[PDB]
Number of protein chains: 2
Amino acid sequence: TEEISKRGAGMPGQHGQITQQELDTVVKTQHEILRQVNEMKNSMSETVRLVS
Amino acid sequence: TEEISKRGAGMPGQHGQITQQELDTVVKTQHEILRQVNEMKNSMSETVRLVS
């Protein structure tokens with residue numbers, strides 16, 4: 001049971017599971033990146049048009 | 001048998017189990033970032049050239 005429990009205590013048999021928190025941190029970081037990149041691109045297209 | 005049944009379908013860590021759908025969203029958002037990364041860098045050199 002302890003052999004199963006050590007491989008079944010949330011984390012699998014290998015140590016250091018991908019945590020959903022870090023994966024959600026991964027998801028939220030990208031969307032924050034994508035928003036700032038998109039706002040930059042709108043601001044970049046402003047900068048492209050104006051110097052033209 | 002009950003212990004293996006509970007721990008074989010998602011180990012109880014109160015932290016979440018990683019799904020491939022979330023990792024695909026990791027792929028999709030970041031490629032969308034990289035797509036917008038490439039688009040801005042093209043418009044960046046345009047901003048470089050117009051100011052120059």
# chains A, B, ... in the order shown; residues from 1 in each chain; ligands from 1
>>> interface_residues(of="chain A", to="chain B", cutoff="6 Å", atoms="only C-alpha atoms", output="VMD selection string")
chain A and resid 8 to 10 20 34 41 48 51
>>> write_last_selection(atoms="C-alpha atoms", output="mmCIF file, in the first residue's frame")
data_model
loop_
_atom_site.group_PDB
_atom_site.id
_atom_site.type_symbol
_atom_site.label_atom_id
_atom_site.label_comp_id
_atom_site.auth_asym_id
_atom_site.auth_seq_id
_atom_site.Cartn_x
_atom_site.Cartn_y
_atom_site.Cartn_z
ATOM 1 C CA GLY A 8 -0.293 7.769 -5.537
ATOM 2 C CA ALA A 9 0.105 10.753 -3.216
ATOM 3 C CA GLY A 10 -1.027 13.196 -5.894
ATOM 4 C CA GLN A 20 -1.515 22.538 -12.382
ATOM 5 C CA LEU A 34 -0.141 37.890 -25.853
ATOM 6 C CA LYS A 41 1.341 45.605 -32.378
ATOM 7 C CA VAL A 48 4.577 52.491 -38.747
ATOM 8 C CA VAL A 51 6.577 58.059 -39.700
#
>>> calpha_fit_rmsd(fixed="chain A", moving="chain B")
2.0 Å
